[PDB]
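*Asks:* Quick one: the structure is below, questions incoming.
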Ligand SMILES: *C(=N)[C@@H](NC(=O)[C@@H]1[C@@H]2[C@H](CN1C(=O)[C@H](NC(=O)C(F)(F)F)C(C)(C)C)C2(C)C)c1cncc2ccccc12
Ligand SMILES: *C(=N)[C@@H](NC(=O)[C@@H]1[C@@H]2[C@H](CN1C(=O)[C@H](NC(=O)C(F)(F)F)C(C)(C)C)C2(C)C)c1cncc2ccccc12
C-alpha cells in the first residue's frame, strides 16, 4: 500500500538526451534513430525571439551551425528541416540506445512523466498532468527547453511532450513530438497567458478510490446522487462535467471497493460543500486531480515495464 | 520555476535490478559487480517468517536453491552468505551495467529516490524521506521487497535503502545496503508498529523558501522571533527542534531570498498557530516536510547528473 506521485523509470529516455547548440543558445534534443528533435526557437537570438519568421531564420542556417553533443561525443549534423515548431536534425549516427517508441498526443486530463534535462544531462524525473487549459505545472529552469514528457507501455516509450516555454504564472507550455503546441501558445515572446483552468473531476474520483483502497474512508457516506445533480455541483465549483464514459472508466475501481461511482460522487459533493474539516486524504488537505483511473489501478495493483 | 517532488533519473539503477527466487518466494535483487543483494527473508516460507532462525535456515540452503533472473538471462549463483539482514549471492557474471556506487546510510530527515520493482522489472520511481521514526511513506505491493532507495551525486549512485516490509499503518521499513535496519524493526512477522513521528522542521522551512522563490509570499510577515521562542512553539506542534546548524544550512536560501532564517521561523509560528485560512503554498494546503534544503537548492537552481 501507499500512494505516491509516481513516474515511469526514466532510463530508456535518458539514453536519448543530447545537447543542441546553435549560436549562443544551448538546449536539449531528443535523439532517436538518426534524428535529433529539438525546439525550433534554438535558431533564434535574443532580438529574434520577439517576432520571428522561422522559415526566414532557418533558410539562413547551415548544417554546421548546429552543434549536437551526445555526452562527450560529437554528432555530425548532415541535414536539417523544420516540422511545425520542432527542428529535425539529421545526424550521421543512429542512436544505438533507441528504444521502441511512438509519438502520441495526449488529452487534457492525462498524465505523463517528465525527464528534466540541462545541457543534455538528465536532472530529475517527475509526474505531470496536461491541464484542461493545455498547460502543465512543471518544474523547469533556463536550459530545460527540449526536455520531454513520456509514458511507457510495456517496453515502448510513447513520447507526448517537448518543453518550449514558461508562461507568466509559472506554468509551462510545449508541443507534441510532431511540433504542434498544446493549447493556444506560440513560440514567440508575446504577452500570452494561461487562461482559466478547471479541476479534472474523473481524476479526483479516481484518487478518492485510491484513498479507500489505502484505508482512508472518513469521507464515505450512505448518500447517493444522480449524475445530473452531481454535475450541477461540479459546475459551481469549477470542476469539469462528469460523463457516462467517466462512470464506465471508474467501473473497475468501483467494483474493487464496492462503492458505486455515483455514491463516490455524492462523497465528492459533500467534500466540495463542506471542505475536509481539518482532515486529510492520502496525505493531502486538497482534492488531488493529477492521478488518472489508470494511474490508480497501476499503483494499487502493481504493473511493471520491460 | 515550479516545484515538484522530483526523483533522480533511475536509469543507472534500472540496469542493476534482477529477480531472485528461492522456493516459492520471488523478490528483487540488486546486482553490482558479481554480487546480488536481496532481503534475507527470501529464504523463508510462510511458516518460517513467524519466528525464524536465519543462521539455521541459511545453512540448510545450497547455491542451486537460488534462482537469479537478469531480464531473460540466468545468472549462476556460485556462493551465498548472510550480511546482517541481507543476503549476498555471489554470481558467475559481473554486471556490465554496474555504475560507480557507494553504500551510505542516511539520517531521518534526508530524502532519496525509490525505484519500485516487481519480478526484477522496474515499475515506477518516486521521492521519499526517512521519517524521524525511521519508517518511509512509500508505495509498495507484494513482490516489491528488495527495491532500493538511492541518491545520485554526479555519476555515482549512493544506495541507501532496501525495502523489506510494510507495517500495519501502511508505512514501510527496510535496511541500508549492509543489511542493518532503519529503526527498531525486525524481519520477522511480529506485532511491530511504527511508533510516534514528528515533523521535520528544517525541511518545512526549506520548502517555505522554495515557495518564496516561486512567488508564494502571502505567509511572510515583518515579525521575527528568537530561536528559543520558536523551538517552544515547535515542541507544542510536534515539530522537531531547530538547531543552529539548521539555521546555518538554511543560509544560502536565506541569502537568496533576503528573508532571515529567524524571520521565516516567525512565519512558520504564525502558520502553525493560525493555519493557512483556505490558502495554499506551492499547491499544498499542508506544511510539507519532505524536501531538504539541498533538494530545494537543486530544483530552484538546476543541478544535473552524468
Ligand atoms: C528554455 N530553456 C526556456 N524558454 C525559452 O527560452 C522560451 C523561448 C522564448 C522565451 N521563452 C520563455 O519560456 C518565456 N517567454 C515567454 O515569452 C512566455 F512567457 F512564455 F510567453 C520566459 C520565461 C523566458 C520569459 C520563446 C521563443 C518563447 C525556459 C523554459 N522553462 C522555464 C524557464 C524559466 C526561466 C527561463 C527560461 C525557461
Ligand atoms: C515483500 N515483497 C513484502 N513484505 C514481506 O514479505 C514482509 C516479510 C514478512 C512479512 N512482511 C511484511 O511486509 C508484512 N509483515 C509484517 O510482519 C509487519 F507488519 F511488517 F510487521 C505484511 C504487510 C505482508 C503483513 C517479513 C519477514 C517481515 C511487502 C513489502 N511491501 C509491501 C507489501 C504489501 C503487501 C504484502 C507484502 C508487502
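*Asks:* Looking at region B:75-98, can you tell me whether even one residue there is surrounded by 15 or more Cβ atoms within 10 Å (Cβ to Cβ), within 25 Å of residue B:121 (Cα to Cα) and within 14 Å of chain A (Cβ to nearest Cβ)?
*Replies:* Within region B:75-98, one or more residues are surrounded by 15 or more Cβ atoms within 10 Å (Cβ to Cβ), within 25 Å of residue B:121 (Cα to Cα) and within 14 Å of chain A (Cβ to nearest Cβ).
*Asks:* Does residue A:65 count as within 14 Å of chain B (Cβ to nearest Cβ), surrounded by fewer than 16 Cβ atoms within 10 Å (Cβ to Cβ) and farther than 21 Å from residue A:180 by Cα?
*Replies:* On the way: within 14 Å of chain B (Cβ to nearest Cβ): no; surrounded by fewer than 16 Cβ atoms within 10 Å (Cβ to Cβ): yes; farther than 21 Å from residue A:180 by Cα: yes.
It is false that residue A:65 is within 14 Å of chain B (Cβ to nearest Cβ), surrounded by fewer than 16 Cβ atoms within 10 Å (Cβ to Cβ) and farther than 21 Å from residue A:180 by Cα.
*Asks:* In region B:111-135, which residue that is within 11 Å of ligand 2 (Cβ to nearest atom) and outside any loop (DSSP other than H, G, I, E, B) is surrounded by the fewest Cβ atoms within 10 Å (Cβ to Cβ)?
*Replies:* B:118
*Asks:* Here are some conditions: (1) away from ligand 2 (no atom under 12 Å from the Cβ); (2) more than 13 Å from chain A (Cβ to nearest Cβ). Residue B:157 meets all but one. Which one does it not meet?
*Replies:* Residue B:157 satisfies every listed condition except (2).
*Asks:* Any idea which of (1) over 26 Å from residue B:4 (Cα atoms); (2) touching a helix residue (DSSP H, G or I) at 6+ places or on another chain (Cβ under 9 Å); (3) exposed (fewer than 13 other Cβ atoms within 10 Å of the Cβ); (4) in contact (Cβ under 8 Å) with a residue 60 or more places away in the chain is the one residue B:155 doesn't satisfy?
*Replies:* Checking residue B:155 against (1) over 26 Å from residue B:4 (Cα atoms); (2) touching a helix residue (DSSP H, G or I) at 6+ places or on another chain (Cβ under 9 Å); (3) exposed (fewer than 13 other Cβ atoms within 10 Å of the Cβ); (4) in contact (Cβ under 8 Å) with a residue 60 or more places away in the chain, the one that fails is (1).
*Asks:* Quick check on my filter: what residues within region A:194-204 are farther than 17 Å from residue A:259 by Cβ and either within 16 Å of ligand 2 (Cβ to nearest atom) or in contact with a strand residue (DSSP E or B) (Cβ under 9 Å, 6 or more places away or on another chain) (or both)? If you could, list the steps in order and put the result at the bottom.
*Replies:* As a first pass, look at region A:194-204 and keep what is farther than 17 Å from residue A:259 by Cβ: A:194-200.
Result: A:194, A:198, A:199, A:200.
*Asks:* Restricting attention to region B:264-284, which residues are crowded, with 20+ Cβ neighbours inside 10 Å and not in a helix (DSSP H, G or I)?
*Replies:* The answer is B:281, and nothing else.
*Asks:* Name the single residue that is nearest to ligand 2 (Cβ to nearest atom) among those in region B:10-60 being within 14 Å of chain A (Cβ to nearest Cβ), under 19 Å from residue B:140 (Cα atoms) and in contact with a helix residue (DSSP H, G or I) (Cβ under 7 Å, 6 or more places away or on another chain).
*Replies:* That would be B:27.
*Asks:* Another one. State which residue is nearest to residue A:204 (Cα to Cα) when the search covers only region A:122-152 and only residues that are away from ligand 1 (no atom under 16 Å from the Cβ) and within 13 Å of chain B (Cβ to nearest Cβ). Full working, then the answer.
*Replies:* At the first step, the residues of region A:122-152 found to be away from ligand 1 (no atom under 16 Å from the Cβ) are A:125, A:127, A:129-130, A:132, A:150-152.
Then keep just the ones that are within 13 Å of chain B (Cβ to nearest Cβ); that gives A:125, A:127, A:129, A:150-152.
Details: A:125: 23, A:127: 16, A:129: 13, A:150: 22, A:151: 21, A:152: 23 Å.
Once the filter is applied, the top-ranked residue is A:129.
*Asks:* A follow-up question, please. Would it be correct to say that residue A:256 is surrounded by fewer than 19 Cβ atoms within 10 Å (Cβ to Cβ), part of a helix (DSSP H, G or I) and either out of contact with any strand residue (DSSP E or B) (no Cβ under 6 Å at 6 or more places or on another chain) or free of Cβ contacts under 8 Å to residues at least 60 places away in the same chain (or both)? Quick ask: steps written out before the conclusion?
*Replies:* Working: surrounded by fewer than 19 Cβ atoms within 10 Å (Cβ to Cβ): yes; part of a helix (DSSP H, G or I): yes; either out of contact with any strand residue (DSSP E or B) (no Cβ under 6 Å at 6 or more places or on another chain) or free of Cβ contacts under 8 Å to residues at least 60 places away in the same chain (or both): yes.
Yes.
*Asks:* Would you tally the residues in region B:194-220 being within 16 Å of ligand 1 (Cβ to nearest atom) and assigned to a helix (DSSP H, G or I)?
*Replies:* Filtering region B:194-220 down to residues within 16 Å of ligand 1 (Cβ to nearest atom) leaves B:210, B:213-215.
Filter again for assigned to a helix (DSSP H, G or I), leaving B:210, B:213.
Final tally of qualifying residues: 2.
*Asks:* Further question on the same structure: Applying the selection to region A:205-221, what residues are touching a residue at least 40 places away in the same chain (Cβ under 8 Å), away from ligand 2 (no atom under 16 Å from the Cβ) and within 14 Å of another protein chain (Cβ to nearest Cβ)? Steps first, please.
*Replies:* Step one: of region A:205-221, the residues touching a residue at least 40 places away in the same chain (Cβ under 8 Å) are A:205-216, A:218-221.
When the remaining residues are screened for being away from ligand 2 (no atom under 16 Å from the Cβ), the result is A:205-209, A:211-212, A:216, A:218-221.
A:207, A:211, A:212, A:216 - these are the residues of region A:205-221 that are touching a residue at least 40 places away in the same chain (Cβ under 8 Å), away from ligand 2 (no atom under 16 Å from the Cβ) and within 14 Å of another protein chain (Cβ to nearest Cβ).
Every residue, every condition in (1) surrounded by fewer than 19 Cβ atoms within 10 Å (Cβ to Cβ); (2) assigned to a helix (DSSP H, G or I); (3) away from every other protein chain (no Cβ under 14 Å), yes or no:
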| site | (1), (2), (3) |
| --- | --- |
| B:223 | yes, no, yes |
| B:232 | yes, yes, yes |
| B:241 | yes, no, yes |
| B:245 | yes, yes, yes |
| B:289 | no, no, no |
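*Asks:* Sticking with this one: Being surrounded by 19 or more Cβ atoms within 10 Å (Cβ to Cβ), within 14 Å of another protein chain (Cβ to nearest Cβ) and in contact with a helix residue (DSSP H, G or I) (Cβ under 6 Å, 6 or more places away or on another chain) narrows it down to one of B:296, B:261, B:202, so name that one. Give the derivation first.
*Replies:* Values: B:261 fails: within 14 Å of another protein chain (Cβ to nearest Cβ); B:202 fails: within 14 Å of another protein chain (Cβ to nearest Cβ).
Exactly one of B:296, B:261, B:202 is surrounded by 19 or more Cβ atoms within 10 Å (Cβ to Cβ), within 14 Å of another protein chain (Cβ to nearest Cβ) and in contact with a helix residue (DSSP H, G or I) (Cβ under 6 Å, 6 or more places away or on another chain), namely B:296.
*Asks:* Continuing with this model, one more query. Counting only residues that are more than 10 Å from chain B (Cβ to nearest Cβ) and out of contact with any strand residue (DSSP E or B) (no Cβ under 9 Å at 6 or more places or on another chain), which one in region A:271-281 is nearest to residue A:107 (Cα to Cα)?
*Replies:* Within region A:271-281, the match that is nearest to residue A:107 (Cα to Cα) is A:281.
*Asks:* Scan region B:1-50 for residues that are within 16 Å of ligand 1 (Cβ to nearest atom) and either surrounded by 21 or more Cβ atoms within 10 Å (Cβ to Cβ) or in the same structural domain as residue B:68 (by CATH) (or both) and jot them down. Full working, then the answer.
*Replies:* Here is the first cut: in region B:1-50, the residues within 16 Å of ligand 1 (Cβ to nearest atom) are B:1-4, B:6.
B:2, B:3, B:4, B:6, listed by residue number.
*Asks:* Which residues, counting only those in region B:110-121, are at the interface with chain A (Cβ under 8 Å from one of its Cβ atoms) and either over 17 Å from the mean Cα position of the chain (by Cα) or on the phi > 0 side of the Ramachandran plot (or both)?
*Replies:* Of everything in region B:110-121, those that are at the interface with chain A (Cβ under 8 Å from one of its Cβ atoms) and either over 17 Å from the mean Cα position of the chain (by Cα) or on the phi > 0 side of the Ramachandran plot (or both) turn out to be B:118, B:119, B:121.
*Asks:* For region B:171-188, state whether one or more residues are more than 9 Å from every other protein chain (Cβ to nearest Cβ), touching a helix residue (DSSP H, G or I) at 6+ places or on another chain (Cβ under 7 Å) and more than 16 Å from ligand 1 (Cβ to nearest atom). Full working, then the answer.
*Replies:* At the first step, the residues of region B:171-188 found to be more than 9 Å from every other protein chain (Cβ to nearest Cβ) are B:173-188.
Right, trim to touching a helix residue (DSSP H, G or I) at 6+ places or on another chain (Cβ under 7 Å) and you get B:187.
Narrowing further to those that are more than 16 Å from ligand 1 (Cβ to nearest atom): B:187.
Yes, there is a match, as at least one residue in region B:171-188 is more than 9 Å from every other protein chain (Cβ to nearest Cβ), touching a helix residue (DSSP H, G or I) at 6+ places or on another chain (Cβ under 7 Å) and more than 16 Å from ligand 1 (Cβ to nearest atom).
A quick note on method: Cβ atoms are made from the backbone with ideal geometry, for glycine too, and the neighbour counts reach across all protein chains shown. The values are calculated or read from the model by the stated rules, or taken from the named source; no laboratory read-out is quoted.
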